[PDB]
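# Structural characterization, general
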Amino acid sequence: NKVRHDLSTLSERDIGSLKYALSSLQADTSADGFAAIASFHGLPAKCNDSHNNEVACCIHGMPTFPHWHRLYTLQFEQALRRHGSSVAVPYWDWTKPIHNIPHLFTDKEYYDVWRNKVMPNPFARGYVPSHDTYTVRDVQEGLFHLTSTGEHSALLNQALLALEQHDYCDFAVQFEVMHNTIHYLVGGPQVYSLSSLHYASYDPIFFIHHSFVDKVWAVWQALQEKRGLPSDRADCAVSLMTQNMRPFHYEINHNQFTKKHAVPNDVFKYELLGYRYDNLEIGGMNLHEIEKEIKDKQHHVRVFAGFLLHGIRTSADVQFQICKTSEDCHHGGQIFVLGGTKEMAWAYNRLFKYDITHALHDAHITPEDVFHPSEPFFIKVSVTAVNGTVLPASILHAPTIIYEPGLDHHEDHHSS
Amino acid sequence: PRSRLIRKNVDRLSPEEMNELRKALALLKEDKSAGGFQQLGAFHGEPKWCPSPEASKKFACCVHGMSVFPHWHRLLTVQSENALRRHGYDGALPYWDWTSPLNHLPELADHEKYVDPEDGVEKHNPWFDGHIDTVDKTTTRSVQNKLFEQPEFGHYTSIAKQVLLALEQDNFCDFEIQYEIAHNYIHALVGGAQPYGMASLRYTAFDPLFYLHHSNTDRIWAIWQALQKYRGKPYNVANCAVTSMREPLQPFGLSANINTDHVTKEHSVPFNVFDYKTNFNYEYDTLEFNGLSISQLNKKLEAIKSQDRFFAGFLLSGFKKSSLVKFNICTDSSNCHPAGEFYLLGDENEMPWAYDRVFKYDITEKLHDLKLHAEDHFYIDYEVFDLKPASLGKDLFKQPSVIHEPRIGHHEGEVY
Amino acid sequence: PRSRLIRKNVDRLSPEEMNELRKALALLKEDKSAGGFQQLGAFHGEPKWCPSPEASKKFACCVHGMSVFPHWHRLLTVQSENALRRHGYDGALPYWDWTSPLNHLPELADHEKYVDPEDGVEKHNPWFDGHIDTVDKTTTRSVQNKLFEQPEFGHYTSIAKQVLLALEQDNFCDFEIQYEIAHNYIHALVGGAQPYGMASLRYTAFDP
Ligand code: CUO
Ligand code: CUO
Ligand code: CUO
């Protein structure tokens, strides 16, 4: 029914359709409409029910999380289709370094038209009617990615690592974190922005970014197929899997396909959605190639940093540094987490690993050498809210230093 | 010199051996020294040594809800054992194999007084109980008779089942969670209602049964390591929580008047604790679970995995720790049936801890009786009660997940 | 540029100067910014910024019972002063010489509303009081009338006596203790009974 293309790939004609569709989307007062559609993600929280007790609708820090957002994108796509969008919503490939913020989203005014009328760009932003606030974005230039390889950006590295994981659960943990980065980048400090859990859904970038993440997640399933394991089946988070995903289950969403799809178990087969992607590729590697690419990574030994993510109450940035037994320390790396008060707290069942290895090497510190005197690796954590003071470390669990045996289950060739 | 002590089952002990224990413990109780019993009891709970003894916020000394947990306890038993040897007890601390069904409580612990033929003077069993100096109270024990042998059939026991599952986990961390909780059951069983007893975290150390139970628990851990050895994984090395293992555990670490034992102090590092025999010259007469041999056990374990199973997962905040939790599966339309129960030991004094991962319980058998399908939707109602009867608000507690662990089809391709 | 501001006694202030203060403070109250009044008030007491704002044990920001005490307060006044100047107040914060006996409270602070000849619109004195956003309450003041001039003879005043003794101390630390306590008297005098006022440490900052 539908193909998804990159934002850059979008032609003017294609974009023009999108431009109009969103405009009409905004107009749609109905529940299917954009204002209503946005609330599904977060505030206002309709999620448990309209009743006062409420939590954020979206599932985060949960394995259901990719399912929900995936479903969420379809809702918009269907909306646009109703609106007459010619194409599926595009995805903003974050992984590649961004010379500049995409024109379609960036331009505040959409001047081009046969009419040559000047209008606001629905893509640029939207406003929150309930809050009567307006969306805002504070972006860091740093997003323009610079890296040694150039190709391997932080997102690329993080995404790739997630990619190499048979375990879905393990995949999701890594998968979600990479996803988090964009919300932080665009939102910045702004309370009302992507950076905020409730507010974020309002920004139209949200759909674009999510399209990409969804695209990547889909690739993972395809990769899994390449691996030969069932893409559909999920080992853990079964409890979560069963639960129907509101508000999709609810009548509020007119969309029929979403309703049946509400169980996240069903969400896995994207094909049921009937939307496809122009190509399934991550950074130039084919699915086949990527599988090949990941195996080589396994050959090398790696050291990991383990994160136990309790979740922070306000959206928060965490910083990591590696310190020598002496005073010296290095910026190990940073990860972002997004969560509102509404978030209805979740915790990661498993450890979130980050590849310390590169940095340690920069340290000219081997995994063998001893980081701290008490236990071999003790590090000082730093956690900050997007705004506000630091959150207490004490609650947080101790750092884990991981050494990883490269051997998976891969033989160069079977016999014939 | 006979340095290597042997831990045997309590039942096994000859009267000569029993007599030695009776005498040794009695002397042990008397020992005023730090090495003495009262002082030793302090390590586990109140009085709380864990931040420096002269010091305000006093939280309990014991690693609970941590991977470190078996290491600390293992050290603790040795500490007691060494003390008895000083007393002149010939053997090692005996282990009460609770897993097996008990016709009755062991006579050694159970009877109030030992009338010994040595002279004929009738003396209260030091084994029976001890008194807490701190609180002017005596340890008490109230145990549910129900623990008495009532197998579904033969060997099958709740403990055996619970322990067995723990045994299956390859990774230590996963093993520990299952492992720890099973450990909790005995405390609850023996202590029962009384506020002063095995039931309470602070009190438990005082009861002499504590050592016997832990000896068994340590024994179980040892078998796990042997099983891991059989598995091919190095028993001593632990993949997870490498960092935590390095840090030493107090009070053993104090290595001062507080801890006389040199052995334990060196041993404080949990990494060291793994190789029990060399470091701690103690052994178990047999490392076996039930009738099964180690190789026997592994084979048996594989059998369980082969079949599909359903589990409920619990995230244990373990905040209102001393309490019993019982959960039952209730049909949508029909009856409820007791799913099973687990116990958490925790005094107010204990420091807060939370499980990184979920604890799994095998729901499957009960559902089968219900003839409930895995697919069918049932609701699990779980109630936690304090040791004293009372209802604790479950609402804050996160709902348990229900997970199905299927065999993947019958994977034709990987294995013939 | 007239950077150097001058602090004068409140009584001294001319109506022109007074008007400037009235306007400036009013704007000052409005200022949402961190620079704004509400934010500035926070420094002294609640909300308690002193361990990092995002943070649990919140103890009050002010140095009290410490030698540091006059330094901190001195900085605080300047902070307010700078704020008013941004508002466009010509002068410096005026000082109410409490040591001298007061026939009555100063008119600037005292009267409820200023009817200014500027246009004739009757406006509540921003000087009179402010409202605490944090607690949904307004600052109040109850003062003992007794403070009114009643000298044993002439100049002799309790405050003068108390201040004088502080003055005598050569060493700063000894000076500070006497100095601080004398300082305390006004808070008590103005605040009196009300829980929201000069009397309470948290509340005091709010009152102008
Ligand atoms: O996660 Cu809910 O927003 Cu991207
Ligand atoms: O564990 Cu601390 O008590 Cu058996
Ligand atoms: O001192 Cu803090 O208040 Cu005048």
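Residues numbered from 1 in each chain as written, not as in the entry; some residues may be left out. Chains lettered and ligands numbered in written order. Part of a larger assembly, values for the part shown. Heavy atoms only, no water.

## Section: the interface of chain C and chain A
- Taken together, the contact between chain C and chain A spans 4 residues of the former and 6 residues of the latter.
- Of the roughly 370 Å² buried where chain C meets chain A, counting both sides, 50% is carbon and sulfur surface.
- One can count 0 salt bridges joining chain C with chain A.
- The interface formed by chain C and chain A includes 4 residue pairs in polar contact.
- When the residues that make up the side of chain C that touches chain A are grouped by side-chain class, the tally is 2 nonpolar, 1 polar and 1 charged. (Contact = heavy atoms within 4.5 Å. Buried area = accessible area lost by both parts, 1.4 Å probe. Salt bridge = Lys/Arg side-chain N within 4 Å of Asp/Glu carboxyl O. Polar contact = N/O pair within 3.5 Å; in protein donor to acceptor, adjacent residues only side chain to side chain. Nonpolar A, V, L, I, M, F, W, Y, C, P; charged D, E, K, R; others polar.)

## Some thoughts on the arrangement of the chains
- The highest contact count of any of the 2 pairs of chains in contact belongs to chains A and B.
- Here chain B and chain C are not in contact; the least distance found between their C-alpha atoms is 16 Å.

## Examining the interface of chain B and chain A
- Residue-level contacts link 17 residues of chain B with 20 residues of chain A.
- Interface of chain B and chain A: buried area, both sides summed, is about 1,600 Å²; carbon and sulfur atoms make up 56% of it.
- For the interface between chain B and chain A, the tally reads 0 salt bridges.
- Our count for the chain B to chain A interface comes out at 3 residue pairs in polar contact.
- Going through the elements one at a time, α9 (242-246) and β13 (401-405) of chain B are the ones with two or more residues in the side of chain B that touches chain A. (Helix = DSSP H or I, 4+ residues; strand = E, 2+ residues; numbered from the N terminus.)

## So, the state of the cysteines
- Per the stated rule, a full pass over the model turns up 7 disulfides over all chains.
- Paired through a disulfide, A:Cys169 and A:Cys236 show a sulfur-sulfur distance of 2.0 Å. Within this pair, whereas A:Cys169 is found in helix α6 (residues 168-187), its partner A:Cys236 is found in the loop between α8 (205-227) and α9 (238-242), the two being separated by 67 residues in sequence.
- Judged by relative accessible area, A:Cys236 falls into the buried class, the value being 12%.
- Paired by a disulfide, C:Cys50 and C:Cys61 hold their sulfur atoms 2.0 Å apart. Taken as a pair, C:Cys50 in the loop between α2 (37-44) and α3 (69-87) and C:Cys61 in the loop between α2 and α3 lie far apart in primary sequence, 11 residues in all.
- A relative accessible area of 14% places C:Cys61 in the buried class.
- We note that C:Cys62 lacks a disulfide partner, and the nearest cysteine sulfur, in C:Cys50, lies 8.2 Å from it.
- Given a relative accessible area of 14%, C:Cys62 falls into the buried group. (Disulfide = S-S within 2.5 Å. Buried < 20%, exposed > 50% of the residue type's maximum accessible area, 1.4 Å probe, protein only.)

## Description of the sheet that holds strand β10 (residues 359-362) of chain B
All names here are of chain B.
- The strand order β10-β7-β13 describes an open sheet built from 3 strands, whose pairing is antiparallel. Each edge of the sheet is formed by a strand with only one pairing partner; in this case those strands are β10 and β13. The mean angle between the axes of side-by-side strands here comes to 35°, regardless of whether they run parallel or antiparallel.
- In the sheet, strand β7 (residues 309-314) pairs with β13 via 5 bridges, with the strands oriented antiparallel. When the sheet's bridge partners are listed, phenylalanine 310 is paired in β13 with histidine 404.
- In the packing of helix α5 (residues 158-168) onto the sheet, contacts are made with β7 and β10, and the angle to β10 comes to roughly 125°. (Pairing = 2+ DSSP bridges. Axes fitted to C-alpha atoms, helices over the stretch in contact; angles between N-to-C directions.)

## Some details on the nonpolar core
- Core analysis: the largest hydrophobic core is formed by 103 residues, its most contacted members being B:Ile329 and B:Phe378.
- Formed by 72 residues, the second largest nonpolar core is a distinct cluster that contains A:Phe171, A:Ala200, A:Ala222 and A:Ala262. (Core = buried A, V, L, I, M, F, W, Y, C linked by side-chain atoms within 4.5 Å.)

## Quick word on the UniProt feature "disulfide bond" in chain A
Residue and element names in this part refer to chain A.
- A sulfur-sulfur distance of 2.0 Å separates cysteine 47 from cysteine 57, so the disulfide listed by UniProt for this pair is formed here. Taken together, the positions of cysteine 47 in the loop between α2 (34-39) and α3 (65-83) and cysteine 57 in the loop between α2 and α3 put the pair 10 residues apart, joining distant regions of the chain. For the pair formed by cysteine 47 and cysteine 57, the shared burial category is buried.
- Between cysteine 169 and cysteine 236, where UniProt places a disulfide, the sulfurs come within 2.0 Å of each other, which fits a bond. (UniProt positions renumbered as here; feature names shortened; annotations may be inferred.)

## A closer look at the pairing of strand β5 (residues 302-307) of chain A
Residue and element names in this part refer to chain A.
- Judged by how many residues are buried, β5 sits mostly within the fold: 6 of 6 residues are covered.
- Covered by surrounding structure in β5 are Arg302, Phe304 and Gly306 together with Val303, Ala305 and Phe307, the residues of both alternating faces.
- Judged from the 5 bridges that link them, β5 and strand β10 (residues 400-404) form a sheet pairing that is antiparallel. Across the sheet, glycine 306 pairs through a bridge with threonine 400, a residue of β10.
- Sheet topology places β5 next to strand β8 (residues 352-355); 4 bridges connect them, and they run antiparallel. Bridge pairing in β8 places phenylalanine 304 opposite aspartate 355.

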